[PDB]
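The block underneath contains the structure these notes are about, expressed in structure tokens.
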Amino acid sequence: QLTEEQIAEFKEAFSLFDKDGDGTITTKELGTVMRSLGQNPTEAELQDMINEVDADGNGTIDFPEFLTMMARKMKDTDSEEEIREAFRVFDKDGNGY
Amino acid sequence: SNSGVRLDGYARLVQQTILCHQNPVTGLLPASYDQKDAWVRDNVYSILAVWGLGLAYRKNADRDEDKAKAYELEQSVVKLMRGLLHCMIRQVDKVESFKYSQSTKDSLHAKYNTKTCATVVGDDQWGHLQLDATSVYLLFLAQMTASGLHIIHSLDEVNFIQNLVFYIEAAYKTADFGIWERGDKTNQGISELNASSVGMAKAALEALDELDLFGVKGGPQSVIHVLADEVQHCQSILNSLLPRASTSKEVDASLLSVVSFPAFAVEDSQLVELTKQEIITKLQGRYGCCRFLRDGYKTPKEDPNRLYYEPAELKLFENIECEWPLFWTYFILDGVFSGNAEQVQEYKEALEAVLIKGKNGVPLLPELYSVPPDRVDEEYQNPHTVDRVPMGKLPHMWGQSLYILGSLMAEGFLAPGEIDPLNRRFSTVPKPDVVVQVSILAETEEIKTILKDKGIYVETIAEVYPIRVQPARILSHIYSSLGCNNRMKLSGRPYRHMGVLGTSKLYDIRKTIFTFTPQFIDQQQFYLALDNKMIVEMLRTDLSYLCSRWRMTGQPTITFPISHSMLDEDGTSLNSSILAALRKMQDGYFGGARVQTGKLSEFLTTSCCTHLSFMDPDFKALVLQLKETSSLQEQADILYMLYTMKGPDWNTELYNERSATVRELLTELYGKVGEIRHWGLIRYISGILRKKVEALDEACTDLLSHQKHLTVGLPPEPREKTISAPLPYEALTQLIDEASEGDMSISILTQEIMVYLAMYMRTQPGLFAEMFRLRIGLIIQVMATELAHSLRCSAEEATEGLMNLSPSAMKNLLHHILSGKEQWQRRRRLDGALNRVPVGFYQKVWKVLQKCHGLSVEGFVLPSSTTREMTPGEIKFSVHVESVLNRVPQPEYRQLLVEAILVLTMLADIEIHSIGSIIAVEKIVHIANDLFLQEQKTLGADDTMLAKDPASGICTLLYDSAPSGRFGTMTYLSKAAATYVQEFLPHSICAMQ
Amino acid sequence: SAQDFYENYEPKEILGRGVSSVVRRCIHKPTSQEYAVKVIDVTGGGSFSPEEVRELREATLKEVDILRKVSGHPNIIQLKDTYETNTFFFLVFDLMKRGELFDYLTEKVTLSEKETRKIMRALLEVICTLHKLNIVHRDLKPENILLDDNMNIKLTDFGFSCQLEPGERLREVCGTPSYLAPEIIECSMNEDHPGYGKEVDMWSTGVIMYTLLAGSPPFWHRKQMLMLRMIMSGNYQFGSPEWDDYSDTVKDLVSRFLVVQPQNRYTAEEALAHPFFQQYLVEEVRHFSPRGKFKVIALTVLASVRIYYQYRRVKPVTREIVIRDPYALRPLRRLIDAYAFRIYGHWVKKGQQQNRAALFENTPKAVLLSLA
Amino acid sequence: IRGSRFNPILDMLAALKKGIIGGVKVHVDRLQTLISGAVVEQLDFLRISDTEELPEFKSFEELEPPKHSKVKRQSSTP
Ligand SMILES: Nc1ncnc2c1ncn2[C@@H]1O[C@H](COP(=O)(O)OP(=O)(O)OP(=O)(O)O)[C@@H](O)[C@H]1O
């Protein structure tokens, strides 16, 4: 079961995902966010990701789609791999914390 | 006046262009160039400009010069019409010979010579069958007669015109060479049905429905009588045959002449707009519209001094077809006629540029524009980019006359109501509704009383002395004596059946009102009228048919006598079905029509009444055994043997006081059996008597109008020849008898089945969808197998039960089978037996053949070189694919091959590569079967589960397996196809998407 | 009278057929409308006794009364005009250019998430509206529900639905054999259970959702006895390779919609209150302590990292896997299922004998099928 | 043509169509056919008139269908 705090956090994440409020994450906004973070995904890779995330070929991502994607279960190994990757990304400086 | 100056200029232009070749003595204009030959259609279309000019000049009367000019133009038109009439009466023998047994060698020659009115070519060096030209000639003759001109002038000429109408009315079930006189795209000495022909014939029959050729001074003896059933059949044929050009042409620019000013023979304005849009999309060019796709006329190749072009037109004549401005003139006529103004201006502006000047700056319409031989690849790669050059008949009389008429129409000097006094412009106006009137008559007093105590008031056969009621055969015999001339060796209208649209109207002969019952209530002709459910069902059908069109003026009237055959077993009350039908009609509603009960005299006040002016003044041991034998079935059997050995027409000498022939005894036996209502020997009696279902040719042509193929009897390789074109009644009966052979009852069963198929095609044209060919023999085998399975009996018992079932039971079983409703093995067998395939199966097979070298079906081969010769929309490719797939005689194996082809097409869609080899579907299905057997062995199934087909080597579980699923046959077929592809790939996979 | 109906409505081509009914289009002459007229006879061609005729008349009058009771609902079919004759019934309704849900479902095999969401939302709305007026339909089937040009579903076939009062239960046994609750079979065993109730519609909604989502009815067997035993036992299961790629909310909704116990079954109002049908537009009361902001930031970072792994987790074509098993690829499985349905799309009509689940055979055809 | 008078009008029209009505023989045909070939009376004095403006004569015109009730010629309805 979900919670009100989780719903509010998901809504805030969806709002912050796009620079302009239009109900869609948008390919251009996602690319700009990726470049700001320090990543340069390929156009073909981005298109493949958009197609895989979306349930059809409309090419747009909605808030329910993001909520469903965030609701996936990673089990155990994927969870520790994800947290390790997040820590490595956050730990850019050579300090160990 | 300025208008006078413009009219004088138009008259001068007409005289300098068309009238300069008047060709006196005969009056037939030469067809341009150095031809010295006259085409009836060309002359008829050319005289339109002269007729319009004369009509325009007639308005400005009261002057000697104008009156003289108008009289000269009208007399020139009359002289041309009379010359054509003399030309056509010169082939009275040909017309009379074509009247019976419709064949291409019996029709009058389309090409007529110049003065002296003789024949210029033989009967085999040209296509002498063009009903469109004669029909349009008749229609224009009717139009001129209604205008006021006198053309038809003699009673012998009236009889000839009636004979011509009888000759043309059979256009809906015959194949001609068309306007182009070349049949389909490939000549090859073949002919096929054309929509233009049947449409123009229907319009001509409508024009001459009750026209008086002698004018206002004519009498009742100089009028034409045209039946409405044939016209409605033609209308139905056109409606079911106008999403394209014909059965072979996807689109023809000649279809404009049916949906425009000429003959206005079309309804459903939406269909007209769709046809115009598709013609513009597929044919419009920079110098007019092409005649049709893939035409080689006037090309820089193909050996112009040759005929009967071989099938090598894959790309030679594609995208470089010539364009004709006459279709632009037709478009401008259509725009200027109905309601359009801007379209007229734009088409005139477009056509003015393609015009070529002549002597003294005279406008001239070139025949066509051809692509130069040097710039052929440029046009092929870049369509409609190169510049063509004028060639052919520079003074095209047809096109010039059409353009002149259109310009005169647009300039306002003429009105649409002048050229069309028969108000054919409003043929597209929707019909609001129609109320049908019916009457019920009691044969005897007992029937009237039985109807009375049930709350229904009827009138008996008597007491209506001013009105007489007979069956339709009398009406038929009466119409058979129409247009009969002994001196001219004219036999009149041949004996033909009539639909419900003919018997509905009232007839007046010898100052007596005559009403005829519908032809379907004749139990003597066939046993179909015996069944009460059949009676009520197709009575509802014909009521619906009458309510639908009713194109004829006046109210209709139907008479339904209640005979003695539909009473109950006790013979004291009516059956439930007929009583229910009477009660339903009493409430003013039956089926899909509004009806009202009443008295015939009341309906006589307002109804459709027609006046027929032309009617004004040891053998002995066998006989003893047959007489004394019981078991009436065995009695009919012995009668059949007697008829077979020595009883064709010889008297059996059964009686002593009177000598009765075998036919009398057969009729007596049939009458006796009809009372007991036992369907054990009725089929045998019908087969012996050789009784044929009425309007069988109508059913066949209705079935064939939807691009369908029919086969008669069980299929072996040699016999069971397919039928692809409409066939006469005699030849159709001969083919049916030949297919039935000595089984006799097979012919009757086949007749019943195809008549049911034709009935169901009109009512529900969705059950026969996805079906390309229909086989009566396979259907008979399937119903016998299904009935044997249901009754768990033998084949002989199944045949006996099928024979014993009532016709309503036959219809119900056929409907249930056609719907495919009531395990997987049986379903696959039924699907394969009826060769049911998906709609896009032909396109998928064509794409696979394009992407593969060929397909192997364990025998012969299907090369991929045929994809360029044919098209996915061509029925020839579909029939070739069906014949290739029909080699295997196992319906389950046929379905397996179909699904293997489908999965192979899906794979070929998935992988972007060229196979470059021949793939065997038999090997694929064998690999799938082996994989399924291995999987079953691994799972734990024993020997009794892993069965083997006696003659196919296929596990029964595969047939019983459902199509889709985790362990469905789709997955196994896909695995086998992928394994075959990997086996025929260079040690790798090339599937990426 | 019949004359007024004839002068007001014009019969047209047949649009549908029933057990004893013919559906044809009609045109309102004063308005030039495109309504539909239904024609049902009385005597049935003289094939039945007048008792059957009077029973049919009673059923028709009950139908028109119930329909007029719920008239005015945009989602519910409306009876514009009704007529009665001696030997014919004339009824006027609203014609739609789209077919029933059966045709759309068999054409599309499986519908999209938005489509199923809105369809169950509309169905819940109509069933709760009916409950507010104390009416039981108990005949919710995919064939009995139609669609329009706006993809809006309108329930029909109100001849069955009748008025109910608190404290009374019905006892008739009927309906599609796969659309019955444990209540009806318990009542019809000999006499024990009282009668009908309310949760029959809830299980009807559940099986509708299951059929629309999974593509096949939840319960289907080759034998009537086996299928009724399975339905009574309530041993339904979710397909392994079909239900994996769906959000958990639909599994939960289906599970509570198929509860065998009528008491534990979710109410229509409870189903409407679920977050699946809940939507939000804008709010300004989302204020909390900095701990809430930290939690929101952490969840946003987690979601971003999760979506950062979506493209790298995609699988290649894997042609070898296709050789070993074509069901691994979801698009390939969907394509082959659609092709198989298109091949055999003409054998999907009314009747429990043949249905969508007949085409699918998940069970292995081995020696284990003999045991029962 | 409305009301109970619909029947007598139809009877008179049928009598006219038959050929003889009231002891007088009549012929029914299209107007255009009757006009053609018949003697026409000439009134040339109008052209000779010296009036600056030629007088305008109002001819019989088709009556458009109403757009409020749209009575499409219903039955007699006594
Ligand atoms: N507006 C409409 N347009 C076209 N078809 C319609 C319309 N309304 C209903 N139908 C069709 O008419 C039938 C209505 O149900 P009806 O009660 O007449 O049939 P039935 O055989 O008794 O059973 P069922 O109730 O299960 O359909 C269905 O076949 C439906 O598809």
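Starting from 1 in every chain, residues are counted up; chains themselves are A, B, ... following the order of the structure tokens, and ligands are numbered from 1 as listed.
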Report the closest atom pair, with its distance in Å rounded to one decimal, for each residue of chain C that has an atom no farther than 7 Å from ligand 1; count only C-alpha atoms and all ligand atoms, sort by chain and then rising residue number, and write it as a Markdown table.
```
| residue | atom | partner | partner_atom_place_in_ligand_line | distance |
| --- | --- | --- | --- | --- |
| C:15 | CA | ligand 1 | 4 (C) | 5.0 |
| C:16 | CA | ligand 1 | 5 (N) | 4.6 |
| C:17 | CA | ligand 1 | 29 (O) | 5.2 |
| C:18 | CA | ligand 1 | 21 (O) | 3.3 |
| C:19 | CA | ligand 1 | 21 (O) | 4.0 |
| C:20 | CA | ligand 1 | 22 (O) | 6.5 |
| C:21 | CA | ligand 1 | 18 (O) | 5.2 |
| C:22 | CA | ligand 1 | 18 (O) | 6.9 |
| C:23 | CA | ligand 1 | 12 (O) | 5.6 |
| C:36 | CA | ligand 1 | 1 (N) | 5.7 |
| C:93 | CA | ligand 1 | 1 (N) | 6.6 |
| C:94 | CA | ligand 1 | 1 (N) | 5.7 |
| C:95 | CA | ligand 1 | 1 (N) | 3.9 |
| C:96 | CA | ligand 1 | 1 (N) | 5.4 |
| C:99 | CA | ligand 1 | 31 (O) | 6.9 |
| C:100 | CA | ligand 1 | 31 (O) | 5.8 |
| C:143 | CA | ligand 1 | 26 (O) | 6.7 |
| C:144 | CA | ligand 1 | 27 (O) | 5.5 |
| C:157 | CA | ligand 1 | 25 (O) | 4.9 |
```
Include C-alpha atoms and write out the residues we just selected as a short mmCIF file (atom, residue, chain, number, x, y, z; two decimals), in the first residue's frame.
```cif
data_model
loop_
_atom_site.label_atom_id
_atom_site.label_comp_id
_atom_site.auth_asym_id
_atom_site.auth_seq_id
_atom_site.Cartn_x
_atom_site.Cartn_y
_atom_site.Cartn_z
CA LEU C 15 -28.56 -3.64 -37.41
CA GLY C 16 -28.78 -6.59 -35.01
CA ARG C 17 -30.53 -9.84 -34.19
CA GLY C 18 -31.63 -11.54 -30.99
CA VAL C 19 -33.32 -14.70 -29.73
CA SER C 20 -36.70 -13.33 -30.83
CA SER C 21 -35.87 -9.70 -31.71
CA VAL C 22 -34.75 -7.75 -34.78
CA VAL C 23 -32.93 -4.42 -34.40
CA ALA C 36 -32.96 2.85 -33.52
CA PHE C 93 -33.63 4.08 -28.37
CA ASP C 94 -30.36 5.86 -29.19
CA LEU C 95 -28.35 4.30 -32.00
CA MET C 96 -24.55 4.17 -31.84
CA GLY C 99 -20.47 -2.17 -31.91
CA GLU C 100 -20.62 -4.01 -28.62
CA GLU C 143 -21.37 -8.94 -25.18
CA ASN C 144 -24.17 -7.09 -23.35
CA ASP C 157 -30.58 -5.40 -21.83
#
```
Show me a table, sorted first by chain and then by increasing residue number, of the residues of chain A having an atom at most 8 Å from chain C, each with its shortest atom pair and the distance in Å to one decimal, counting only C-alpha atoms and written as a tab-separated table.
```
residue	atom	partner	partner_atom	distance
A:5	CA	C:292	CA	7.5
A:6	CA	C:296	CA	7.5
A:8	CA	C:286	CA	6.9
A:9	CA	C:296	CA	4.4
A:10	CA	C:300	CA	7.0
A:12	CA	C:296	CA	7.5
A:13	CA	C:300	CA	5.2
A:45	CA	C:311	CA	6.6
A:46	CA	C:311	CA	7.4
A:48	CA	C:311	CA	6.7
A:49	CA	C:311	CA	4.6
A:52	CA	C:311	CA	7.6
A:53	CA	C:310	CA	7.5
A:68	CA	C:247	CA	6.1
A:69	CA	C:307	CA	7.7
A:70	CA	C:303	CA	5.9
A:71	CA	C:247	CA	7.4
A:72	CA	C:247	CA	7.9
A:82	CA	C:305	CA	7.1
A:86	CA	C:305	CA	6.9
```
Distance filter 10 Å, only C-alpha atoms, chain D against chain B, as a list in words: residues 7, 10, 11, 14, 27, 28, 29, 30, 32, 33, 34, 35, 36, 37, 40, 41, 42 and 72 of chain D
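Near chain B, within 7 Å and using only C-alpha atoms, the residues of chain C are residues 11, 45, 46, 47, 87, 317, 323, 326, 337, 340, 343, 347, 359, 360, 361, 362, 364, 366 and 367 of chain C.
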So that I have them on file, write out the residues from the current selection with C-alpha atoms, as a CSV table (one decimal), in the first residue's frame.
```
chain,number,residue,atom,x,y,z
C,11,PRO,CA,-37.9,1.0,-40.8
C,45,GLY,CA,-44.9,-17.4,-35.3
C,46,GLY,CA,-47.6,-19.4,-33.6
C,47,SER,CA,-45.0,-21.8,-32.1
C,87,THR,CA,-48.7,-8.5,-32.4
C,317,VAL,CA,16.7,-9.4,-29.9
C,323,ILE,CA,14.6,-20.4,-31.2
C,326,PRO,CA,9.1,-17.5,-28.6
C,337,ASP,CA,-1.5,-14.0,-30.4
C,340,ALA,CA,-3.8,-16.4,-34.3
C,343,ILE,CA,-7.0,-16.3,-38.3
C,347,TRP,CA,-15.8,-18.1,-34.1
C,359,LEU,CA,-8.4,-20.4,-28.3
C,360,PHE,CA,-5.8,-20.4,-25.5
C,361,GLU,CA,-4.4,-23.7,-24.1
C,362,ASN,CA,-2.0,-23.0,-21.2
C,364,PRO,CA,0.1,-29.1,-21.3
C,366,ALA,CA,0.1,-34.7,-21.8
C,367,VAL,CA,-0.8,-37.8,-19.8
```
Strand (DSSP E) residues, from DSSP on the backbone, in segment 140-217 of chain C, as a PyMOL selection string: chain C and resi 145-147+153-155+162-163
Residues flagged alpha helix (DSSP H) by DSSP in chain A, as a PyMOL selection string: chain A and resi 4-17+27-37+43-53+63-70+77-90
Close residues, residue 59 of chain A itself excluded, 10 Å, only C-alpha atoms, min 6 positions apart in chain, as an NGL selection string: :A and (26-27 or 47 or 50-53)
Same residues, C-alpha atoms, saved as a short mmCIF file (atom, residue, chain, number, x, y, z; two decimals), in the first residue's frame:
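The result, written out as part.cif:
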```cif
data_model
loop_
_atom_site.label_atom_id
_atom_site.label_comp_id
_atom_site.auth_asym_id
_atom_site.auth_seq_id
_atom_site.Cartn_x
_atom_site.Cartn_y
_atom_site.Cartn_z
CA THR A 26 9.46 15.57 -22.29
CA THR A 27 12.48 14.20 -24.15
CA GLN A 47 14.43 6.85 -27.82
CA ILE A 50 11.19 6.28 -23.97
CA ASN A 51 9.67 3.43 -25.98
CA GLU A 52 10.36 0.86 -23.25
CA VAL A 53 9.00 3.01 -20.42
#
```
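You will find atom CA of residue 123 of chain B at 15.1 Å from atom CA of residue 102 of chain B.
With only C-alpha atoms as the basis for measurement, C:136 is the residue among C:136, C:149, C:35, C:73 that approaches residue 196 of chain C most closely.
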Near-residue 127 of chain B list (9 Å; only C-alpha atoms; drop same-chain fewer than 4 positions) as an NGL selection string: :B and (104-105 or 109-111 or 123 or 176-177 or 181-182 or 189)
Written selection (N, CA and C atoms) as a PDB file, in the first residue's frame:
```pdb
ATOM      1  N   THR B 104     -21.125 -14.360 -78.948  1.00  0.00           N
ATOM      2  CA  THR B 104     -20.426 -13.254 -79.598  1.00  0.00           C
ATOM      3  C   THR B 104     -20.494 -13.300 -81.125  1.00  0.00           C
ATOM      4  N   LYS B 105     -20.805 -14.470 -81.675  1.00  0.00           N
ATOM      5  CA  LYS B 105     -20.885 -14.651 -83.119  1.00  0.00           C
ATOM      6  C   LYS B 105     -22.266 -14.352 -83.684  1.00  0.00           C
ATOM      7  N   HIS B 109     -22.675  -6.366 -86.226  1.00  0.00           N
ATOM      8  CA  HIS B 109     -21.327  -5.820 -86.284  1.00  0.00           C
ATOM      9  C   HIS B 109     -21.305  -4.383 -85.773  1.00  0.00           C
ATOM     10  N   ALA B 110     -20.342  -4.087 -84.898  1.00  0.00           N
ATOM     11  CA  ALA B 110     -20.197  -2.732 -84.379  1.00  0.00           C
ATOM     12  C   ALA B 110     -19.636  -1.779 -85.424  1.00  0.00           C
ATOM     13  N   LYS B 111     -18.738  -2.266 -86.279  1.00  0.00           N
ATOM     14  CA  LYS B 111     -18.136  -1.470 -87.342  1.00  0.00           C
ATOM     15  C   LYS B 111     -19.050  -1.510 -88.559  1.00  0.00           C
ATOM     16  N   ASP B 123     -17.123 -11.580 -89.557  1.00  0.00           N
ATOM     17  CA  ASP B 123     -17.683 -11.895 -88.248  1.00  0.00           C
ATOM     18  C   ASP B 123     -16.650 -12.422 -87.260  1.00  0.00           C
ATOM     19  N   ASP B 176     -19.175  -8.597 -72.862  1.00  0.00           N
ATOM     20  CA  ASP B 176     -18.868  -7.976 -74.142  1.00  0.00           C
ATOM     21  C   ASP B 176     -17.423  -7.491 -74.149  1.00  0.00           C
ATOM     22  N   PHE B 177     -17.037  -6.858 -75.256  1.00  0.00           N
ATOM     23  CA  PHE B 177     -15.686  -6.334 -75.403  1.00  0.00           C
ATOM     24  C   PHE B 177     -15.528  -4.925 -74.845  1.00  0.00           C
ATOM     25  N   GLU B 181     -13.386  -2.101 -77.011  1.00  0.00           N
ATOM     26  CA  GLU B 181     -13.410  -3.265 -77.899  1.00  0.00           C
ATOM     27  C   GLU B 181     -12.169  -4.137 -77.726  1.00  0.00           C
ATOM     28  N   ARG B 182     -11.687  -4.264 -76.485  1.00  0.00           N
ATOM     29  CA  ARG B 182     -10.498  -5.064 -76.216  1.00  0.00           C
ATOM     30  C   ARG B 182     -10.670  -5.962 -74.995  1.00  0.00           C
ATOM     31  N   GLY B 189      -8.227 -12.493 -77.182  1.00  0.00           N
ATOM     32  CA  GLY B 189      -9.526 -12.963 -77.625  1.00  0.00           C
ATOM     33  C   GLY B 189     -10.478 -13.293 -76.492  1.00  0.00           C
TER      34      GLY B 189
END
```
Contact residues around residue 81 of chain C with only C-alpha atoms at 12 Å, ignoring same-chain residues under 3 positions, as a ChimeraX atom specification: /C:4-5,8-9,28,35-38,64,67-68,71,78,84,89-94
If you keep N, CA and C atoms, can you produce a file of those selected residues as a compact mmCIF listing (two decimals), in the first residue's frame?
```txt
# COMPACT_ATOMS: atom_id res chain seq x y z
N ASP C 4 -49.27 5.77 -35.91
CA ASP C 4 -48.40 6.86 -35.47
C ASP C 4 -46.93 6.45 -35.52
N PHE C 5 -46.62 5.23 -35.08
CA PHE C 5 -45.24 4.75 -35.14
C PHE C 5 -44.76 4.62 -36.58
N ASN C 8 -44.11 8.02 -37.93
CA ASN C 8 -43.06 8.71 -37.20
C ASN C 8 -41.70 8.05 -37.33
N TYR C 9 -41.65 6.73 -37.49
CA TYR C 9 -40.40 5.99 -37.60
C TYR C 9 -40.38 5.24 -38.93
N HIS C 28 -36.47 9.73 -37.41
CA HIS C 28 -37.55 10.56 -36.89
C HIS C 28 -37.88 11.62 -37.92
N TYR C 35 -32.18 7.51 -34.79
CA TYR C 35 -32.43 6.62 -33.68
C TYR C 35 -32.54 5.17 -34.16
N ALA C 36 -32.82 4.27 -33.23
CA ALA C 36 -32.96 2.85 -33.52
C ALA C 36 -34.29 2.33 -32.98
N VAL C 37 -34.90 1.40 -33.70
CA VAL C 37 -36.18 0.81 -33.32
C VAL C 37 -36.00 -0.69 -33.19
N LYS C 38 -36.52 -1.25 -32.10
CA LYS C 38 -36.44 -2.68 -31.83
C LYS C 38 -37.82 -3.30 -32.02
N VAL C 64 -39.70 -1.99 -19.66
CA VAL C 64 -39.92 -0.58 -19.96
C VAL C 64 -40.14 0.21 -18.68
N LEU C 67 -36.69 0.70 -17.12
CA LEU C 67 -35.91 1.64 -17.92
C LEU C 67 -36.40 3.07 -17.73
N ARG C 68 -37.72 3.26 -17.68
CA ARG C 68 -38.26 4.59 -17.42
C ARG C 68 -37.94 5.05 -16.00
N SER C 71 -34.51 6.61 -16.36
CA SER C 71 -34.37 7.48 -17.52
C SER C 71 -33.68 8.78 -17.13
N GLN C 78 -31.29 5.19 -22.84
CA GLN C 78 -32.53 5.91 -22.60
C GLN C 78 -33.61 5.42 -23.55
N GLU C 84 -46.88 -0.15 -28.14
CA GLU C 84 -47.37 -1.51 -27.96
C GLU C 84 -48.52 -1.77 -28.92
N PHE C 89 -44.07 -5.32 -30.68
CA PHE C 89 -43.57 -4.30 -29.77
C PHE C 89 -42.67 -3.34 -30.54
N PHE C 90 -42.90 -2.04 -30.35
CA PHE C 90 -42.08 -1.01 -30.97
C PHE C 90 -41.46 -0.15 -29.88
N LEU C 91 -40.13 -0.14 -29.83
CA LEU C 91 -39.38 0.63 -28.85
C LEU C 91 -38.34 1.48 -29.57
N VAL C 92 -38.10 2.68 -29.04
CA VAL C 92 -37.19 3.64 -29.65
C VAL C 92 -36.04 3.90 -28.68
N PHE C 93 -34.81 3.82 -29.18
CA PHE C 93 -33.63 4.08 -28.37
C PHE C 93 -32.63 4.94 -29.12
N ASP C 94 -31.42 5.08 -28.57
CA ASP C 94 -30.36 5.86 -29.19
C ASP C 94 -29.41 4.92 -29.91
```
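For chain D, the residues close to chain C, meaning within 10 Å and counting only C-alpha atoms, are residues 69, 70, 71, 74 and 75 of chain D.
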File dump, residues just selected, N, CA, C and O atoms, as a compact mmCIF listing (two decimals), in the first residue's frame:
```txt
# COMPACT_ATOMS: atom_id res chain seq x y z
N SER D 69 -42.51 24.09 -40.88
CA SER D 69 -43.26 22.86 -40.62
C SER D 69 -42.86 21.72 -41.54
O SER D 69 -42.89 20.56 -41.11
N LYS D 70 -42.49 22.02 -42.78
CA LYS D 70 -42.06 21.02 -43.76
C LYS D 70 -43.13 19.94 -43.95
O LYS D 70 -42.92 18.75 -43.68
N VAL D 71 -44.30 20.37 -44.41
CA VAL D 71 -45.41 19.46 -44.70
C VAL D 71 -45.12 18.82 -46.05
O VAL D 71 -45.29 19.43 -47.11
N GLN D 74 -48.61 15.07 -46.70
CA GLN D 74 -49.08 13.93 -45.92
C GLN D 74 -50.37 13.36 -46.49
O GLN D 74 -50.93 13.88 -47.46
N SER D 75 -50.85 12.27 -45.89
CA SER D 75 -52.07 11.61 -46.34
C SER D 75 -53.29 12.52 -46.20
O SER D 75 -53.20 13.63 -45.68
```
Neighbour list for segment 175-191 of chain C as a count of residues only, cut-off 9 Å, only C-alpha atoms, skip fewer than 6 positions in-chain: 26
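Separating atom CA of residue 471 of chain B from atom CA of residue 695 of chain B is a distance of 16.7 Å.
As for atom CA of residue 785 of chain B and atom CA of residue 758 of chain B, they are spaced 23.5 Å apart.
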Segment 549-554 of chain B surroundings by only C-alpha atoms, 8 Å radius, close-in-sequence under 2 positions cut, as a list in words: residues 228, 232, 434, 501, 545, 546, 547, 556, 606, 607 and 608 of chain B
Requested write-out: N, CA, C and O atoms of the selected residues, as a compact mmCIF listing (two decimals), in the first residue's frame:
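For reference, selection-v1.txt as written:
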```
# COMPACT_ATOMS: atom_id res chain seq x y z
N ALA B 228 -39.68 -4.19 -65.58
CA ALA B 228 -38.91 -3.54 -64.53
C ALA B 228 -37.98 -4.49 -63.80
O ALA B 228 -37.05 -4.03 -63.13
N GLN B 232 -34.11 -3.56 -62.53
CA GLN B 232 -33.72 -3.65 -61.13
C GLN B 232 -32.55 -4.61 -60.94
O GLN B 232 -31.66 -4.37 -60.12
N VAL B 434 -42.65 3.97 -49.54
CA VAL B 434 -43.65 3.34 -50.40
C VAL B 434 -44.50 2.41 -49.56
O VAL B 434 -44.00 1.72 -48.66
N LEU B 501 -41.77 -8.04 -59.13
CA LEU B 501 -42.02 -6.68 -59.58
C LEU B 501 -42.92 -6.64 -60.81
O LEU B 501 -43.48 -5.58 -61.12
N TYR B 545 -38.10 -6.84 -50.90
CA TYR B 545 -37.59 -6.47 -52.22
C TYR B 545 -38.50 -5.45 -52.90
O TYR B 545 -38.03 -4.45 -53.45
N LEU B 546 -39.81 -5.71 -52.85
CA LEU B 546 -40.77 -4.78 -53.44
C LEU B 546 -40.74 -3.43 -52.72
O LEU B 546 -40.77 -2.38 -53.37
N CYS B 547 -40.66 -3.45 -51.39
CA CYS B 547 -40.62 -2.21 -50.62
C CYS B 547 -39.34 -1.43 -50.85
O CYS B 547 -39.34 -0.20 -50.70
N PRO B 556 -48.27 -0.60 -55.66
CA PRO B 556 -48.25 -2.03 -56.00
C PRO B 556 -49.42 -2.80 -55.40
O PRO B 556 -50.11 -2.29 -54.51
N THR B 606 -56.61 3.24 -57.14
CA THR B 606 -55.26 3.78 -57.31
C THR B 606 -54.27 2.64 -57.30
O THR B 606 -54.00 2.06 -56.24
N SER B 607 -53.72 2.31 -58.46
CA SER B 607 -52.74 1.24 -58.60
C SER B 607 -52.05 1.41 -59.95
O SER B 607 -52.37 2.32 -60.72
N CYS B 608 -51.09 0.53 -60.23
CA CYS B 608 -50.35 0.54 -61.48
C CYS B 608 -51.08 -0.34 -62.49
O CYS B 608 -51.06 -1.57 -62.38
```
